[PDB]
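Next come the chains, spelled out residue by residue.
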Amino acid sequence: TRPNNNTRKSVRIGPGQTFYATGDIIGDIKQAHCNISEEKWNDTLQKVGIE
Amino acid sequence: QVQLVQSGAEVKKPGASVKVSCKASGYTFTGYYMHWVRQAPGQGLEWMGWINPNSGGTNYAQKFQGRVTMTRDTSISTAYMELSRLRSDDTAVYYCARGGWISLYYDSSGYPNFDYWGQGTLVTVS
Amino acid sequence: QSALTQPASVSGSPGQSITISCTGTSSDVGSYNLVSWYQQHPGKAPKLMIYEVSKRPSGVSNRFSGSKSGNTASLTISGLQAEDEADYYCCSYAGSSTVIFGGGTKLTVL
Amino acid sequence: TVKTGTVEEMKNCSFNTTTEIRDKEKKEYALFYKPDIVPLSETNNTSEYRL
Ligand SMILES: *[C@@H]1O[C@H](CO)[C@@H](O[C@@H]2O[C@H](CO)[C@@H](O[C@@H]3O[C@H](CO[C@@H]4O[C@H](CO[C@H]5O[C@H](CO)[C@@H](O)[C@H](O)[C@@H]5O)[C@@H](O)[C@H](O)[C@@H]4O)[C@@H](O)[C@H](O[C@H]4O[C@H](CO)[C@@H](O)[C@H](O)[C@@H]4O[C@H]4O[C@H](CO)[C@@H](O)[C@H](O)[C@@H]4O)[C@@H]3O)[C@H](O)[C@H]2NC(C)=O)[C@H](O)[C@H]1NC(C)=O
Ligand SMILES: *[C@@H]1O[C@H](CO)[C@@H](O[C@@H]2O[C@H](CO)[C@@H](O[C@@H]3O[C@H](CO)[C@@H](O[C@@H]4O[C@H](CO)[C@@H](O)[C@H](O)[C@H]4NC(C)=O)[C@H](O)[C@@H]3O)[C@H](O)[C@H]2NC(C)=O)[C@H](O)[C@H]1NC(C)=O
Ligand SMILES: *[C@@H]1O[C@H](CO)[C@@H](O[C@@H]2O[C@H](CO)[C@@H](O)[C@H](O)[C@H]2NC(C)=O)[C@H](O)[C@H]1NC(C)=O
Ligand SMILES: *[C@@H]1O[C@H](CO)[C@@H](O)[C@H](O)[C@H]1NC(C)=O
């Protein structure tokens, strides 16, 4: 997962070439991380060893 | 135990400013948010934003737009508010209250859990 | 973006169960579950009374309950005594790192 | 910088683009992640970057 961001600024260049860009961020700022269950990982990685 | 020691009451002229502080004790203040509220004698409770103790980032509520600033000092675990451009409408009672636990992995500031509050202080404008 | 609507005051005979309601816009309480109740005795700092309307905080006796539905929520107090003579406030998360506190309501005893 | 503090992994970059009419340039800004911007310079010019 990741945290909140405000919105996607809509900027038009020349003949209608709309593009989006990351604007401001509200409220606080955090990560940017992934979570994995340990006990499942442990025995799965061990079973890899036995085979 | 978790205590919040505030400063004494004060009265100032219109247009002046007053400094309000709140001191943490009994816990590691660097892991919890801190919010403020004002209450006039007969009105509701106006909420002002939190101040992060570590990075020092500050949020402010609407209807201030900079007339109030918030700072901190981690060496003595004390927060300070500077209330500028006082008017007669600012006559009120001020309190500090401790917020939720800061987790570094998700936004938790929006959890209005205030279990420990200071004794408060009176601010009057002449 | 105004405060939450609250009654002015409530009353009740000793023992009587009392229900207090708070009404806002779905953007506040219909969206999330971040709702809390506070009570404050005149001349004292407030005390927290409710977590997640239906969750009890620590240090609270088994006299307070509540629930939410749609755009409103309420608190129920059983076994009314003189000790419950206090002011009550609602407050909830608004989104955008803001919090709404309600107008409040005064409890009277008979 | 952000309304509540600062962020280290992004930069706020002032732009120099064309309007919808090919006669004028206008000021703009967007935020970008640090690893997608390179300081194209012959020296340590921290105010000149390129996508
Ligand atoms: C991804 O992976 C990350 C990495 O783990 C996960 O983060 C974990 O996420 C959970 C929730 O999803 C977080 O739990 C929160 O934890 C808070 C931490 O509180 C305690 O931690 C204690 C360990 O330390 C203690 O020991 C210290 C030593 O001195 C001491 O100083 C310190 O004060 C403390 O005693 C642990 O023992 C304790 O049991 C706590 O868990 C909790 O506080 C959070 O819970 C509170 O808030 C809930 C919602 O607001 C509420 O429902 C709870 O009832 C609880 O409120 C109670 O707590 C209040 C705290 O102020 C208290 O005032 C009140 O009276 C009640 O008692 C919540 O449980 C966990 O910390 C976090 N891990 C971290 C940050 O490392 C992610 O979840 C994973 N998933 C995703 C999607 O990211
Ligand atoms: C992550 O960030 C997002 C993006 O900001 C957060 O979304 C934001 O949610 C809030 C809730 O307050 C919206 O607030 C609205 O404010 C307007 C003005 O007060 C209120 O009224 C009306 O809204 C409509 C649009 O729905 C608009 O057409 C009307 O002009 C406006 N006013 C009138 C007179 O009708 C509205 O009811 C809400 O109160 C933010 O606007 C919304 N963001 C955006 C860009 O709309 C999201 O909350 C945040 N995530 C978290 C966890 O908070
Ligand atoms: C990114 O930088 C731009 C450039 O200064 C900032 O844009 C200005 O922001 C200030 C205050 O918000 C305004 O007074 C100016 O009018 C803005 N400029 C323009 C052209 O609108 C912007 O705030 C910065 N944003 C972030 C998130 O850092
Ligand atoms: C950036 O765009 C503006 C638009 O006024 C232009 O005037 C300017 O010269 C371009 N570069 C500079 C120097 O700002």
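See the structure shown above.
Q: Which residues make up the sheet that holds strand 2 (residues 18–23) of chain C, and what values go with them?
A: All names here are of chain C. The sheet built from 3 strands is open, its strands ordered 2-6-5 with antiparallel pairing. Since the sheet does not close on itself, it has two edges, and those belong to strand 2 and strand 5 (64–69), each with one partner. Taken pair by pair, the neighbouring strands of this sheet meet at an average axis angle of 20°, ignoring direction. In this structure, strand 5 lies alongside strand 6 (residues 72–77), joined through 6 bridges in antiparallel fashion. Along strand 6, the bridge assignment pairs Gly66 with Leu75.

Q: Mind laying out the interface of chain B and chain C, listing which residues take part and the relevant values?
A: On the chain C side, the residues contacting the 18 residues of chain B number 15 residues. Summed over both partners, the interface of chain B with chain C comes to about 1,500 Å²; 64% of that surface belongs to carbon and sulfur atoms. When residues of chain B are sorted by the area they lose upon contact with chain C, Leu45, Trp47 and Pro112 of chain B head the list and together hold 36% of the total. There are 0 salt bridges connecting chain B and chain C. Between chain B and chain C we count 6 residue pairs in polar contact in total.

Q: How would you explain the arrangement of the chains if you had to name every residue and give the values?
A: No other pair among the 5 pairs of chains in contact exceeds the contact count of chains B and C. Looking at chain C next to chain D, you find no contact at all, with the nearest C-alpha pair sitting 10 Å apart.

Q: Residue-level account of the site of ligand 3, with values.
A: For ligand 3, the full set of nearby residues is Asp24 of chain A together with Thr1, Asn12, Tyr29 and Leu31 of chain D. The environment around ligand 3 is built from residues contributed by chains A and D. One of the backbone N or O atoms of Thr1 of chain D is found 3.0 Å from an oxygen atom in ligand 3. Separating an oxygen atom of ligand 3 from a side-chain N or O atom of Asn12 of chain D is a distance of 2.3 Å. Taking 580 Å² as the accessible area of ligand 3 by itself, protein coverage stands at 46%. Tallied by class, residues from the shell around ligand 3 come to 2 nonpolar, 2 polar and 1 charged.

Cut-offs used in this document
- Residues numbered from 1 in each chain as written, not as in the entry; some residues may be left out.
- Chains lettered and ligands numbered in written order.
- Part of a larger assembly, values for the part shown.
- Heavy atoms only, no water.
- Pairing = 2+ DSSP bridges.
- Helix = DSSP H or I, 4+ residues; strand = E, 2+ residues; numbered from the N terminus.
- Axes fitted to C-alpha atoms, helices over the stretch in contact; angles between N-to-C directions.
- Contact = heavy atoms within 4.5 Å.
- Buried area = accessible area lost by both parts, 1.4 Å probe.
- Salt bridge = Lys/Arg side-chain N within 4 Å of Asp/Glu carboxyl O.
- Polar contact = N/O pair within 3.5 Å; in protein donor to acceptor, adjacent residues only side chain to side chain.
- Near = heavy atom within 4 Å.
- Areas by Shrake-Rupley, 256 points an atom, 1.4 Å probe, with all protein chains shown as cover.
- Nonpolar A, V, L, I, M, F, W, Y, C, P; charged D, E, K, R; others polar.

Structural measurements only, silent on function.
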